[PDB]
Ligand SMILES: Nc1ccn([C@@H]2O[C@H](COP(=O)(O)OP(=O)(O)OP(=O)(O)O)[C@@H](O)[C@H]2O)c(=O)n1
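Encoded as structure tokens, the following chain is the form solved without the ligand, with no partner shown.
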């Protein structure tokens, strides 16, 4: 079975890591969250489409689904966790207690504020997770990537042809994901912020699915201006 996990944990402020509900901001007179959800509703293959969000935003999430006539019976809103990977595992636990996990189940996890993913990206994620167990959506780095350990001087400039910008979806065989997460210590779980890095750290392969330049994360006013441009131009 194929599950969707929409991660609506908000975008944390620089000072204090306060999560802000950027997914509720308006994009062409409709919240970003709704644009993203509409993309997943068009995929008939999902058994459930689960939005995980902080307790304090659950009521408003349901209200927004109602206001925009989102009635699909597959949609469910659950409480998120202490961090993004913990929230993914809250989704996994909900699946296990609700349907029970099948050996071939896969989950497609995706940022609520990435509304411009495409049918191709989702189908390719599903197929790669079914075949290989773990998938990351990426685009080739176009800018040069530089590293620094002090925010003052360059440490290294890696070979650009090997560098990629990570996007989402990130998709997994569910049992594989559970086993990988179970191998990590609490410390490892505290520092790790990316879901595919769980898999890499437990020494299992992660496939690449190519995303799109316009599969942007809408988190700043600049990003909202670009997102409005993307919509008006029919780009995505």
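Numbering follows the first chain given and starts at 1.
Heads up, the form solved in complex with the ligand isn't pictured, but that's what we're talking about next.
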Open or blocked, can you tell me? Superimpose the site C-alphas, put the ligand where it sits in the bound PDB entry, and call it blocked only if 3 or more of its atoms are within 2.4 Å of a backbone or C-beta atom. blocked
Can you work out whether residue 228 and the ligand are in contact in the bound PDB entry, taking contact to mean some heavy atom pair no more than 4.5 Å apart? no
When the contact criterion is heavy atoms within 4.5 Å, does residue 124 count as touching the ligand in the bound PDB entry? no
Tell me, yes or no, whether residue 82 is in contact with the ligand in the bound PDB entry, where a contact means a heavy atom of each within 4.5 Å. yes
Report whether the minimum heavy atom distance between residue 8 and the ligand in the bound PDB entry is within 4.5 Å. yes
In the bound PDB entry, which of the stretches 92-100, 68-76, 126-134, 106-114 has residues with heavy atoms within 4.5 Å of the ligand? 106-114
